[PDB]
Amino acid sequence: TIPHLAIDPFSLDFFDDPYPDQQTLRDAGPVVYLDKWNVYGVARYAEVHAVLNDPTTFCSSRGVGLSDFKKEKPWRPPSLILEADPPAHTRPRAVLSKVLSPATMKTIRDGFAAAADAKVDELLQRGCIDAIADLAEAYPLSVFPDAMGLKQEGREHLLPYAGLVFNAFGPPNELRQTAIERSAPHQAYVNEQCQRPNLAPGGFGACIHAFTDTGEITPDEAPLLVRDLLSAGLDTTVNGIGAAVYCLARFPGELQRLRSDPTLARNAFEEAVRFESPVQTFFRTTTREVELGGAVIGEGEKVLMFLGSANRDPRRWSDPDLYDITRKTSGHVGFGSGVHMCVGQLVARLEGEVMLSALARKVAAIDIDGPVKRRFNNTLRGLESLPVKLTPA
């Protein structure tokens, strides 16, 4: 009763243009079996949402990549939050929820917005820029490592480590295998910076360690929460912002709508997350036999969730392939849903809001002006190089 499909969702040809294959996955049925990797797949909105919100049956503690932690050793010690189930998940999650809390956003907003305005003004002095290197990567590198309270030395390891993290969720294809081999120096840098002495007081990393006084985490749990942030907090926003600029470069009507009301900047960013879905996929593992979408899947099976496809499902979104900055975006699964919903979403949305605010107020047009090159990663969707022309307002 379950369709068997040969599509490899981690193939370069797939990354290069996933939308035809994503419809095939949706229209084949509510649940598919992917023979290439021996996993179940869900790519419609209703099923992806249901699986995200059924944690006792579709767990995260056996890994959210292809690899089943009950069968193989994880390539690094498991996250106490992303790769954990309640009740173990709950208290460390609450620490990150408080460290990256609404009150914390107040302490960083003026700096983050100032850095966004200054970058766009800088880029307008150049004219010819690469919106990935000079913008999508440059701005988060200028705000987020400082907000973490990281020292200067070694920051050149941050994006290499993140590319390794996100590739490692995938199957053992060349991308994953090449990322993990000789990754020791990236791991050694990050793990060192997770230790309390190297984290500047008043920063995210120091604040995490400060919660060891409360009883929510032990001193030995704090470095792995810092690692959570060092794994997910930079590269996600780079492709988040990169997608936003790509969307505005391709939908001039929507850049003009944003220009005429900069307060749409926050929802402009949310719609970019839905539209491009910088985080394409995560896995769950079944803890028991379960019927999903009229299909019986056994215990101990990997289930691949197509978050991007779920955000483009015509059963849920009208005109899903249109970028619409006034779309009612709530319910999209670009940040997950349920108990593991992105704990960093306030930092991501703040970085996205203020850079898009800067664009809205300062830029009149954004024209692609050179060869566009895609960046392939087993989990992340984004560009390697986006040469654009910035016309001042």
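One rule holds for the numbers: they count along the sequence shown, beginning at 1.
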Requested in this report: Output the stretch having the higher mean C-alpha B factor in the entry; the candidates are 293-301 and 87-95.
Outcome: 293-301
Report summary line: Averaging the C-alpha temperature factors as deposited, the higher value of 132-140 versus 153-161 falls on 153-161
Report summary line: The largest CA temperature factor among 231, 187, 311, 178 is found at 178
Requested in this report: Using the temperature factors in the entry, find which of 41, 63, 344, 331 has the highest value at its Cα atom.
Outcome: 331
Requested in this report: Tell me, lowest, middle or highest third: where does the Cα B factor of residue 348 rank within its chain?
Outcome: lowest
Report summary line: Assert third(CA B-factor, residue 307) within chain per record equals lowest
Query raised in the report: Taking the C-alpha B-factors as the PDB entry records them, is residue 5 in the lowest, middle or highest third of its chain?
Result: lowest
Query - Chain third (lowest, middle, highest) by recorded CA B-factor, residue given as residue 288 - result: highest
Query - Third of the chain's Cα B-factor distribution that residue 172 belongs to, per the entry - result: highest
